[PDB]
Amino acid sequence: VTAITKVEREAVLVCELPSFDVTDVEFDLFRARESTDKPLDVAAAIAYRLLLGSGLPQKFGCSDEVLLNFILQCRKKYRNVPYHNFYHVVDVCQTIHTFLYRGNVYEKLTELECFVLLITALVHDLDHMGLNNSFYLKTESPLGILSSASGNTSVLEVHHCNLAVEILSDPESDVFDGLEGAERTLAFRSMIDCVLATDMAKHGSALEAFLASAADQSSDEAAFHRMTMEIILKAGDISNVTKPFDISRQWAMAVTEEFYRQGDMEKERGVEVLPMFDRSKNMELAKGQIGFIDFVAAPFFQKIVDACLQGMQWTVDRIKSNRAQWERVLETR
């Protein structure tokens, strides 16, 4: 791979982010992007600052410089698609920082594990092309073939891991190079396990194992740490409905357009298109958010907060509040 030039670093370093608390639950990434031309440098600056303000890279021998390289190597592998772009992963990073520090989930993890989560956020969707795992299987594309031949149906997640492990194999972007022995091994293994658990086909399985582990006082401790890491990245990944309504709406618009584009390409190839991806059906934003809330998000956040993440209660509160707000949009459309 190429190296990261010194001008690119200064482009990020210069951004001062006035009037923005990056650690706050109500931080608005959309506002931050509209605040300037070159939102890709403001995005990266947000990640930079989050990782410094945690105190964590310094403790694991990661320099202010290779941190910035790592971010920019990540950024360059994100494509210009409507949802699964660089801004999604910065959002997941920032959101995870709030669960750890405002939600007190840091209490349940080592410092290394907190550092790994913040890093993993930034790699967890590398080289996403706006198409889901199903698309690669039904069209027998090379990645689908390659994943089917090695056993794993998690087509993209294996791919994102391969690219994470590739970015980290260059020493000038290796944020885990300051680690040795069991610590170094654990950074890689936990990063990879977390990215693989982002496959929503495995959603129910991962939730149910975390909850079983949290109910049991005699659970293996290392295993409960690992499941909690996985649950927190999953939580970040489905965190759009836990934000102030206007932010939550903007995320829903971006996702919807990405799904519609997949559906148009499925039509071109004669492959089957589920109704969620079908632009012509022209379903309302609101009904789809309420369905996501009821089937996926509300149960997930309610169950993990009750089982053991008590500090994350606001997520359940804001899901409820956003749901009633979408109900009001239907009732008055």
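One-based numbering along the sequence shown. Rigid core here is just the name for the largest C-alpha set that superposes within 1.5 Å across the two forms.
Handout entry: Higher C-alpha RMS shift from the shown form in 9 other deposited structures of this protein - 109 to 117 or 137 to 145, rigid core fit
Key = The answer is 137 to 145, which departs more from the shown form in 9 other deposited structures of this protein.
Exercise for the section: Name the stretch, 192 to 200 or 147 to 155, whose C-alpha atoms sit farther from the shown form on average in 9 other deposited structures of this protein, taking the rigid core as the superposition reference. Expected result: Between the two stretches, 147 to 155 moves farther in 9 other deposited structures of this protein.
Handout entry: Which of 151 to 159 and 103 to 111 has higher mean CA B factor, as the PDB entry lists it
Key = So the stretch with the higher mean C-alpha B-factor is 151 to 159.
Handout entry: Of 307 to 315 and 18 to 26, the stretch whose C-alpha atoms average the higher B-factor in the entry
Key = The deposited B-factors put 18 to 26 ahead on the C-alpha mean.
Problem - Identity of residue with top Cα B-factor, from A47, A286, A297, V271 - result: Spelled out: the listed residue with the top C-alpha B-factor is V271.
Practice task
Ordered by C-alpha B-factor within the chain, which third holds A182? Give me lowest, middle or highest, please.
Solution key: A182: CA B-factor falls in the middle third of its chain.
Exercise for the section: Would you mind ranking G236 by its C-alpha B-factor against the rest of the chain and naming the third, lowest, middle or highest? Expected result: Its C-alpha B-factor belongs to the lowest third of this chain's values.
Handout entry: Record-listed C-alpha B factor of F60: chain third
Key = For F60, whose C-alpha B-factor we compare with every modelled residue in the chain, the answer is the middle third.
Problem - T95 - which third its CA temperature factor falls in, relative to the rest of the chain - result: Lowest third, going by the recorded CA B-factors of the chain.
Practice task
Place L51 in the lowest, middle or highest third of its chain's C-alpha B-factors, as listed in the PDB entry.
Solution key: Middle third, going by the recorded CA B-factors of the chain.
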